[PDB]
There are 2 protein chains.
Amino acid sequence: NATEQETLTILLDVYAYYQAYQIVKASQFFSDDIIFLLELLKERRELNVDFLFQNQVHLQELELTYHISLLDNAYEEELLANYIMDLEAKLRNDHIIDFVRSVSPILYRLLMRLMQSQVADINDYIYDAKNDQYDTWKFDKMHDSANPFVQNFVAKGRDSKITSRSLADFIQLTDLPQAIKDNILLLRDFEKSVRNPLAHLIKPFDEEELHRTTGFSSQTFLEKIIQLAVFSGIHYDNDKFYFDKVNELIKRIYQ
Amino acid sequence: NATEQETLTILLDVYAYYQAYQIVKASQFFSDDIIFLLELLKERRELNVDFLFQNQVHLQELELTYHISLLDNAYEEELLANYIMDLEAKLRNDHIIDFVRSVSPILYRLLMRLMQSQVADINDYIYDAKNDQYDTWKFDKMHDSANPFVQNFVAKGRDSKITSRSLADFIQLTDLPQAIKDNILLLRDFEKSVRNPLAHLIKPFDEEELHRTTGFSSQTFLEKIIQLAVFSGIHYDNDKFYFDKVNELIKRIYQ
Ligand SMILES: [Ca+2]
Ligand SMILES: [Ca+2]
Ligand SMILES: [Ca+2]
Ligand SMILES: [Ca+2]
Ligand SMILES: [Ca+2]
Ligand SMILES: [Ca+2]
Ligand SMILES: [Ca+2]
């Protein structure tokens, strides 16, 4: 017996933008701006950044109207920023298992992005295999490299597959700040200790078990992922959650 | 500013049992029965099935009191069933990406469980690899198997690593009904086309994109998984969602 507006509020607080969209879209008592804002947030949590740029004109209209930013990055950077928002949302809803499984794709992309900052032509040292198979290092081409970090990588006699693990090791040989390397070393241990087992195994898992296993809270891992992203040139607000900011905007409209 | 009961109703509808639990603990207007039931549901979605058995005495009381089943399977079967109702919850909230990633371990466990029925000594042919690595087949060991299924498996030449795809192939050589085999072949393609890239890559993805890729909805894949579970001796209500049933009990108590 809760009102349409009361239900909207609650869903916002748990970032249930799909459900919040269903309600507002199906009523008459809401602005066109709210349903567009909730369509935007919903498509964000479906990892649809293309929506933001396809409707960039209407997006800039609302930005001018309410004096708020809804898009802080160019397409490539926004892809990664948006994904981390979804990551923080799952964490705030205490979906720890979901959070953990979501770490792998963004970790790989950040690792690749950071390496390109250290070796610009890193694509040339990569054999692109078919979609299922892992890409492989061209160790033979890497010996001829003028890049000092690349040369350090070959001598070990590592295996060819390009995993997040091998990329993590590659980072350690670069001139990136130790804080960046430390975060990556810690996220690499994260992958082995909690992420990889949670793929074939069905085990009880929560925040307390995550902290017990790794020695750190989930918030620490999230913030370290953010620090990697921010250092790589991606803007992410770590003191003011994007979803919370937009939720407050939507609330001030119907309240 | 919705009331505590109005908010609790909304949270239950989206199975936000963590938030629902915290609201009900810090409240004054809810009985201790509702509190325990919400801890139960919260621990379920944290894949903690041990909670049900650690408190089976108190659980049994509420069962006979309110004429409801809170526990349907023995331990080994209940943890697989519990994972599935968690899987169904994510589906109903249209967390399609999270749903997809969550399919991997339950599929792997169901396939292994089915193999166990056809090959009683299946664990004698598996090398429990250390640490991060995939488990592997003992192909040399498999040759002396009196089991025709095993013999035909090694005869075809495969990868050492044991994946769900590998177990799926193994299933086809067993004595299982064809309907179960076709079910597993369908999910096998689900792994390859959707589940595998979504655990690795960052892509826009929702209910519609799953349909374009597979020709089926998420509910279909849920039901295929359920069909396997039921066939293997696991009880799971496909008509009455467990979480919906317990939610109704809770509602009727504070209403
Ligand atoms: Ca009210
Ligand atoms: Ca979409
Ligand atoms: Ca590739
Ligand atoms: Ca913060
Ligand atoms: Ca727990
Ligand atoms: Ca193992
Ligand atoms: Ca059903």
Side-chain angles (χ1 to χ4, degrees), chain A residues 44-53 71-91 98-129 131-137 149 161-172 174 176-177 179-192 194-196 199 218 221-238 242, chain B residues 97-98 100-101 194-205:
Chain A
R44 271 201 177 270
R45 296 213 66 191
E46 290 176 351
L47 305 188
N48 196 177
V49 178
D50 289 313
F51 181 88
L52 305 166
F53 287 86
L71 184 59
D72 293 312
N73 300 276
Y75 184 73
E76 180 55 39
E77 285 70 32
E78 186 64 28
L79 254 51
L80 307 180
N82 179 70
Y83 189 95
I84 300 180
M85 302 178 188
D86 188 42
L87 196 66
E88 183 162 0
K90 296 176 182 179
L91 192 149
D98 289 318
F99 164 82
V100 170
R101 293 204 188 102
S102 294
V103 166
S104 289
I106 182 61
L107 178 61
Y108 186 89
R109 292 290 293 271
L110 288 181
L111 284 171
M112 191 61 66
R113 179 175 174 89
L114 289 163
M115 209 78 63
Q116 287 178 293
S117 71
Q118 296 298 303
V119 41
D121 58 329
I122 201 195
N123 266 41
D124 311 346
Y125 309 114
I126 299 178
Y127 168 67
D128 188 18
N131 278 335
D132 307 324
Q133 319 164 23
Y134 280 84
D135 297 328
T136 53
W137 296 115
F149 312 141
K161 268 181 298 171
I162 302 187
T163 56
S164 58
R165 184 121 208 181
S166 66
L167 283 166
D169 295 333
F170 207 162
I171 290 285
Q172 308 305 312
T174 69
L176 288 165
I180 294 304
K181 297 181 175 180
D182 287 342
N183 288 6
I184 282 168
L185 281 172
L186 193 55
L187 288 166
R188 183 202 57 171
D189 297 338
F190 177 91
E191 264 215 343
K192 194 228 298 181
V194 300
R195 144 72 182 135
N196 290 328
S218 55
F221 288 104
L222 173 64
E223 289 183 358
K224 286 182 178 303
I225 293 183
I226 294 170
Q227 287 165 2
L228 294 186
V230 173
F231 183 84
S232 64
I234 306 163
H235 177 61
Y236 188 94
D237 197 336
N238 61 332
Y242 175 89
Chain B
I97 292 182
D98 290 314
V100 163
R101 296 190 179 126
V194 176
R195 134 83 240 284
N196 196 38
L198 263 59
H200 286 252
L201 306 170
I202 296 181
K203 291 195 59 179
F205 197 85

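Atom set for the values below is all heavy atoms of this structure, side chains included, hydrogens, waters and symmetry mates excluded. Naming: A, B, ... by sequence-line order, numbering from 1 per chain.
- The nearest pair of heavy atoms linking A/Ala74 to A/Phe53 is C-CZ, 3.7 Å.
- A salt bridge does not link A/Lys224 to A/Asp182: none of the charged side-chain nitrogens sits closer than 4.0 Å to a carboxylate oxygen.
- The shortest side-chain heavy-atom distance between A/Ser104 and A/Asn196 does not fall under the 4.5 Å cut-off.
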Open item on the list: Using side chain to side chain contact (heavy atoms under 4.5 Å, CB included), reason through A/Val100 and A/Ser218 one step at a time and then give a plain yes or no.
Closed with: CA-CA 9 Å; A/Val100 170; A/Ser218 55; over 6 Å; no
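- In this structure, A/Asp86 pairs ionically with A/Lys90, as a charged nitrogen and a carboxylate oxygen lie closer than 4.0 Å.
- Contact annotation: the side chain of A/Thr174 never approaches that of A/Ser117 to less than 4.5 Å [non-hydrogen atoms, C-beta and beyond].
- In this structure, the side chains of B/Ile97 and A/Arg45 stay at 4.5 Å or more apart for every pair of heavy atoms.
- Nearest heavy-atom pair, A/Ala81 versus A/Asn73, reported as atom, atom and distance to 0.1 Å: CB-ND2, 3.7 Å.
- Annotation: side chain of A/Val119 is not in contact with side chain of A/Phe149 (no heavy-atom distance under 4.5 Å).
- When every heavy atom of A/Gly233 is checked against every heavy atom of A/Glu77, the shortest pair comes out as O-CG, 3.9 Å.
- Atom CD of A/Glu76 is separated from atom CD1 of A/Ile234 by 7.5 Å, given to the nearest 0.5 angstrom.
- Note that CZ of A/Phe51 is 10.5 Å distant from CZ of A/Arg44, once rounded to the nearest 0.5 Å.
- The line from CG of A/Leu222 to CG of A/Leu91 is 5.5 Å long, rounded to the nearest 0.5 Å.
- Here the CG atom belonging to A/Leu186 is positioned 9.5 Å from the CZ atom belonging to A/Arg188, to the nearest 0.5 angstrom.
- The CZ atom of A/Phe170 sits 10.0 Å away from atom CE of A/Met112, with the distance rounded to the nearest 0.5 Å.
- Proximity of a side-chain donor or acceptor of A/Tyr75 to a complementary backbone N or O of A/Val49 within less than 3.5 Å is not detected.
- Minimum interatomic distance between A/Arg195 and B/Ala199 (heavy atoms only, all atoms of both residues): NH2-O, 4.0 Å.
- The aromatic rings of A/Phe190 and A/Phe221 are tilted relative to each other, their planes meeting at an angle between 30° and 60°.
- Test A/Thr136, A/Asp135, A/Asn123 against A/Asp128 for side chain to side chain contact (heavy atoms under 4.5 Å, CB included) and you get one pass: A/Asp135.
- Side chains of A/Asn238 and A/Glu223 form no contact here, defined as non-hydrogen atoms less than 4.5 Å apart.
- At least one side-chain heavy atom of A/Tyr108 sits under 4.5 Å from a side-chain heavy atom of A/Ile162.
- Taking each heavy atom of A/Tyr134 and B/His200 in turn, the nearest pair found is OH-CE1, 3.0 Å.
- When all heavy atoms of A/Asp72 and A/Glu78 are compared, the pair lying nearest together is N-OE1, 3.9 Å.
- Around the NZ atom of B/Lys203, the shell of radius 6.0 Å holds no more than 12 heavy atoms that belong to other residues, nucleotides or ligands.
- Summarising the geometry, atom CG belonging to A/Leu228 is positioned 11.5 Å from atom CZ belonging to A/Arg113; distances are rounded to the nearest 0.5 Å.
- A/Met115 has its side chain within reach of A/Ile171: a pair of non-hydrogen atoms, C-beta onward, lies under 4.5 Å apart.
- Ring pair A/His235/A/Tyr242: centre-to-centre distance not below 6.0 Å.
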Open item on the list: Apply side chain to side chain contact (heavy atoms under 4.5 Å, CB included) to residues A/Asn183 and A/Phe231 and explain how you reach the verdict.
Closed with: CA-CA 12 Å; A/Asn183 288 6; A/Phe231 183 84; over 6 Å; no
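- Looking only at side-chain heavy atoms (C-beta outward), A/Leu80 and B/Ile202 come within less than 4.5 Å of each other.
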